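Asker: Dropping the structure in here first, questions after.
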Ligand SMILES: *[C@@H]1O[C@H](CO)[C@@H](O[C@@H]2O[C@H](CO)[C@@H](O[C@@H]3O[C@H](CO)[C@@H](O)[C@H](O)[C@@H]3O)[C@H](O)[C@H]2NC(C)=O)[C@H](O)[C@H]1NC(C)=O
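Residue numbers (our numbering), protein chains in the order written: chain A, 1 to 209; chain B, 1001 to 1227.
Put into C-alpha cells, the structure is as follows:
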C-alpha cells in the first residue's frame, strides 16, 4: 500500500519561508493536495492539483510536485500559520494521507527536553501490575518522538504517549507509559526511554535492581 | 454558502455499531461525492471511503471493507456512516468531507482527482464499555532538583483534578492530559519538580479528585530507599 512520508516537525521564525516536503514512489506522476489543520478546528484545503490555490487562500501558500517529492511552501510565515499540515494523494482511487507535519513559528529559542524515567512503584508491583512512566518536560518546539527499548530491542506493545501540551512557562511537556507484567519487568536487565527532539536523542535507563 | 453539519457525539461499547449523519447544503446534493475521514486523538487523518449520492455507489478503504456502510438520502441531503464491530482503536473524531474528485469506482467515466474542499466540524466517537469508576493512585517516588509525582490510574470518565499539599504547592507542578488505554479506562500523571534538599524534611502529598465517582484520594509520595 502506497505511503507518503512527511517530517513530523518543521520550525521557522516570523516572516521566514517554511518548506514542508512529502515523499513517495513516483509522486510526481500523481496529483497531490495539502491540508492545514489548526488546533481545535477541521482541516482546510490550501493546495490542490499540486499547485492550485482555492479562492480565499493566501498567495503566500504555494505547492510543487516533481520527481518523488511534493513540497508546500509558505513565504513570510505569520503566527496564525501554526498548524499541522497533511499531504494527500491517491493510490488506485484510495485516498492516502501523509503522517502530518507540525509547523512551529518560533516565539522563543529552542530547548532540549528533560527526561525522567520512573520505575514501577513497589505499591504497583505488590498489586501484580507494572507501569513505566517516562516524563518529558521543558522542551520547545512541542514535537518529540518516544521509543521504548527492552534492553536493546524495541518495545511496541503496551506503549501509550500523550500529545505535547503547554506548561505554565510557555514550554512543552509530554508523557509516555509502558505497561507490562511484573514478570516482564524482572526478566530484563534494563529498560530505556529514548526521546528524540529536533534530531538529537536523550535517553534514560532504569533497572529492576 | 456550502457547509456540512454533522450529528452529535457518541459513546459506544466494543462489538456494537455506531451511525453518524451529515447534512449537506449550499449546492445541489447530487452533484458531488461525500466521504468520511477520521482522526484518532493526537494522530493523523485516515480516509474511510466515499459515496456518490447520484447512484449510491460506494468505495471504501481496504482497512474498513466489511465493517463500514455508507448510505445517502437525496430527499434530506444527508449521508450516513455506520461502523460495526467497534473496537477501542475506533475512538476518533469523524469528519464528513465533500470530495470534488471523480472516481471510476462510483460510476464516473473519466477519473479526475481534485481533493476534499469542505469539511464538517467532526463527530467525536468514543469506544469503551466502562462505567463510572474512581481512580487508584500510585506514587512516583524520587531518588539540584528532584522530580516526583503520582500516577492516577484506571478511572472513568474524564475528568480528574490534581493538587499538591492541598493546593499549597503550585510552582513546578504539571498535570498531564489523560490517555485512553485499550481497557477503556483513563490514566494520567501529575509531576512537580522540587529541590533535592527538601526531600528529607518536606512531605509531598498529591490530592486527586474524581467528581463523576465522588472519589477523593490523598497519596503521600515518600523518597526511595537508595540514592
Ligand atoms: C432509474 O434507475 C434507478 C436505478 O439506477 C432506480 O432507482 C432504484 O429504485 C428502486 C425502486 O424505488 C429502489 O429500491 C427501493 O428503495 C426504496 C427506498 O425507500 C424502498 O422503499 C423499496 O423497498 C426498494 O428497496 C432502488 O434503491 C433505486 N436504486 C438506486 C441506485 O437508487 C429508479 O427507480 C429508476 N427510475 C425509474 C423512473 O424507473
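Just so it is clear, CB atoms sit at the ideal spot from N, CA and C, and this is done for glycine as well.
Rounded C-beta distance between residue 1126(B) and residue 1091(B)? I'm assuming under 8 Å.
Answerer: About 5 Å separates the two Cβ atoms, so the contact holds.
Asker: Looking only at C-alpha atoms, which of 1128(B), 1122(B), 1136(B) sits nearest to residue 127(A)?
Answerer: Checked all of 1128(B), 1122(B), 1136(B); the closest Cα to residue 127(A) is 1136(B).
Asker: Could you tell me whether any non-hydrogen atom of ligand 1 is closer than 7 Å to the CB of residue 1044(B)?
Answerer: No, the beta carbon of residue 1044(B) sits no closer than 7 Å to any heavy atom of ligand 1.
Asker: List the residues of chain B that residue 173(A) touches, going by C-beta distances under 9 Å, in chain order.
Answerer: Simply 1174, 1176, 1191.
Asker: Per DSSP, what kind of secondary structure is residue 117(A) in: helix, strand or coil?
Answerer: Of the three classes helix, strand and coil, the one that applies to residue 117(A) here is strand, per DSSP.
Asker: Compare the C-beta of residue 97(A) with all C-beta atoms of chain B and state if any pair is closer than 8 Å.
Answerer: Chain B contact via Cβ: present.
Asker: Which residue or residues does DSSP assign as beta-bridge partners of residue 47(A)?
Answerer: Bridge partners of residue 47(A): 34(A).
Asker: Counting only runs that start and end within the segment 89 to 160 of chain A, where is the beta strand (DSSP E) found for 3 or more residues in a row?
Answerer: Qualifying beta strand (DSSP E) stretches, in chain order: 94 to 97, 101 to 105, 114 to 118, 130 to 139, 145 to 150, 153 to 155.
Asker: Looking at the unbroken beta strand (DSSP E) that takes in residue 1195(B), where does it start and where does it end?
Answerer: First-last of the beta strand (DSSP E) with residue 1195(B): 1186 to 1195.
Asker: Could you list the residues in the segment 35 to 48 of chain A with a C-beta less than 9 Å from some C-beta on chain B, going in chain order?
Answerer: So the close ones are 35, 37, 41, 42, 43, 44, 45, 47, 48.
Asker: Mind checking if residue 1120(B) is an interface residue toward chain A, Cβ cutoff 8 Å exclusive?
Answerer: Closer than 8 Å: yes.
Asker: From which residue to which residue does the beta strand (DSSP E) around residue 1158(B) run?
Answerer: Here residue 1158(B) belongs to no beta strand (DSSP E), and DSSP marks it neither H nor E.
Asker: Measuring alpha carbon to alpha carbon, tell me which residue in 147(A), 205(A), 58(A), 89(A) is nearest residue 34(A).
Answerer: The shortest C-alpha separation from residue 34(A) is found at 89(A).
Asker: Let me check you understand the geometry: is the CB of residue 1107(B) closer than 7 Å to at least one non-hydrogen atom of ligand 1?
Answerer: No, ligand 1 has no heavy atom inside 7 Å of this Cβ.
Asker: Candidates 1164(B), 1102(B), 1088(B), 1006(B): which alpha carbon is nearest residue 984(B)'s?
Answerer: Limits of chain B in this structure are 1001 at one end and 1227 at the other, which puts residue 984(B) out of reach.
Asker: What is the DSSP secondary structure of residue 1108(B), counted as helix, strand or coil?
Answerer: It is coil, neither helix nor strand.
Asker: Can you give me the Cβ contacts of residue 1141(B) inside the same chain, cut-off strictly under 7 Å, excluding the 5 residues immediately before and after it?
Answerer: Contacts found: 1148, 1221, 1222, 1223, 1224.
Asker: Determine, using beta carbons only, whether residue 1114(B) comes closer than 8 Å to chain A.
Answerer: Output row for residue 1114(B): interface = yes.
Asker: Who does residue 1059(B) pair with in a DSSP beta bridge?
Answerer: Beta-bridge pairing links residue 1059(B) to 1050(B).
Asker: Between which two residues does the beta strand (DSSP E) harbouring residue 1003(B) extend?
Answerer: Start and end: 1003 to 1006.
Asker: In chain order, what residues of the segment 1199 to 1212 of chain B put their CB closer than 8 Å to some CB of chain A?
Answerer: Cβ contacts with chain A: none found.
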